[PDB]
Every structure is written in C-alpha cells, then in structure tokens.
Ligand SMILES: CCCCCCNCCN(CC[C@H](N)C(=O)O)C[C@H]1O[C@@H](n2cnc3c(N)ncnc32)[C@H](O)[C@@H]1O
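One chain follows as structure tokens, the form deposited without this ligand.
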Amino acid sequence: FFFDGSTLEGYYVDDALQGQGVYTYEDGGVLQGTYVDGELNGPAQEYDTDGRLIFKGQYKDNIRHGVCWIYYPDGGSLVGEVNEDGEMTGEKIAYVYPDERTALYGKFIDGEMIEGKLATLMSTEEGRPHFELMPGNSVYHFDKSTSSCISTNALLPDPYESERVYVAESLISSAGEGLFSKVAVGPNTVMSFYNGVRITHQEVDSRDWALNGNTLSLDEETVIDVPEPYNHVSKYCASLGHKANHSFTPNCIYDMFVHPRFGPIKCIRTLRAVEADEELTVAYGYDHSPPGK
C-alpha cells in the first residue's frame, strides 16, 4: 500500500484510537485496521514486508471475525468464515487457485486442508465468495511429501494443473516426454506444480548424478525430487512439473508455490503468452545442466 491503498484518518476520543490505524507485527507484517475505542473493530488489511496485500477481512474485539481472505504470493488464496478465535477453521473454508476460479472447498483446521472438494468460485459480490461444488467425488487433503513418500494419492491429479497441461512426446527435442499447454494463456500464469520427495542437498550432491534427472532445489535446506518409480507417469501424476523440459530459451520459469495439498513446492509459471499445445520449457541451470561435456 504505497500508491493505491487508501491512506486513512483516525481521531482520538479520550486517548483511544478511533478509525484507521497502522500496526507492525513481529514478523514485519503491517496491519492497516479499523479501531473502535483503541481496539480492532471493523475492516482491516494486512501487508507483507513490502506493499503486497496478504490479508483482507475484519476484526471484532481485536480478533479476526467473519469472512476473511488470506493471499499467497503465488496468486492463490484461502477464504472463509473464521473461528471465534480468528483461525481459518471451519466447514466452509476454501483454498482458491491463482485463476481465482478453481477452488477446494471444505473442512480446514487452522488453514490446513482436511477435506477440500473441487468447486468453482461463482461470485463474491465483493465481501463473501460463493462456491458451487463441481460434479464428482474429487476431494483433496493436505498431504505433504516425505523423503520416501511422494503422495498418498499418486494417481490423483491436481485439478487446476489438469485443465492446463498434459504430457506427450516432445517434438522440438530428444528428451522423450514433454509438458504441453492445453490452453492459450498470457505471461505470469501458473501452469503446473513441481511436487516430489523431499531430500537434502548433501544427499543430491554426494550421490550418482544419474539419479538427479528430476531434482529441483526448493530452498537452502531441501531438494524436491521425482525418483524412479514416480518418474513414470503410470506411477505418479498428481503433479507434472518435472516433465517440463529444459532449454536455453525457456517460455516458463520455476517459482515458489504454497499448495493446499502438496505444501511448499515450486510451480511452473509462464514467462510470456503461451499457445495451446505449445511445449513448456524451463531454463537450464544449477540443478539441471545443459547437455555436453
């Protein structure tokens, strides 16, 4: 909120704040809230360590109250009537994907997805979202990978990804399979997720490189990998990000993603507009060298 976000006024009654106020959190979050008698009461917006919106909702007696929005840097969000304690815990909470349409609506506990059914965000009317369950039995839950288990439901595809990309034989290369866009999309579009087993950089750096075909560093402490049963689509297709080939002229980029089912992972995001049936590629780099030598 440096250039948009309405800057506001407040007034004091007996040394107590009324109206708009700003408070900084321990982690650095900046809350712009509404105050009634020096306590949070009314609409509030929170911003991260920069000017980006990470929360929109309202407080009652210093506690978050009704329908609140939580925004992730990747474009996803979590929305629902909050607990009496201000926590995203209820039966009507939803994770909404970056298209602000596809959603997983259901039971959440403190922001964790316990039972999210596929749904579509049908309207907001600009306060509260309205969801409609999609036809079917598609349910999802927070299921973060370990060092050996990639997923409790390896053949259950991510529904957002499945409408956007598919795996087929690559034409502009000889790396075998490739990842292709199903639809035409503009730049900055999340297309696919890179989930996998969670291992250590020391593990990847010290083992035979032939085991590192599908390795991707997630942060300083961990590498995401799609090891050998799972490198086969018949054994794993919950996510398909590892199928995107590497190139010196990529049309996509790896990026951090907060996924309600997979947890902290990376995703594939377009660099430019991409056409239907166009192959998606990411740049060579530290965790995937160019051919040769």
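Note that residue numbering follows the sequence shown and begins at 1.
What follows is about the form solved in complex with this ligand, which we do not show.
For this session: Spell out, yes or no, whether the shortest heavy atom distance between residue 174 and this ligand in the deposited bound form is within 4.5 Å.
Result: Residue-level check for residue 174: yes, a contact with this ligand.
For this session: Please run the contact check for residue 246 against this ligand in the deposited bound form: heavy atoms, 4.5 angstroms, yes or no?
Result: Contact check for residue 246: yes, within 4.5 Å of this ligand in the deposited bound form.
For this session: Answer for residue 216 alone: is it within 4.5 Å of this ligand in the deposited bound form, judged on heavy atom distances?
Result: Within the cut-off, so yes.
For this session: Verify the contact flag for residue 259: yes if a non-hydrogen atom of it lies within 4.5 Å of a non-hydrogen atom of this ligand in the deposited bound form, no if not.
Result: The answer is no: residue 259 has no heavy atom within 4.5 Å of this ligand.
Problem set entry | Candidate stretches 208-216, 123-131, 99-107, 150-158 - the one whose heavy atoms come within 4.5 Å of this ligand in the deposited bound form | Going through the listed ranges, the match is 208-216.
Problem set entry | Option touching this ligand, based on a heavy atom within 4.5 Å in the deposited bound form, out of 194, 140, 95, 180 | By the 4.5 Å heavy-atom cutoff, the listed residue in contact is 194.
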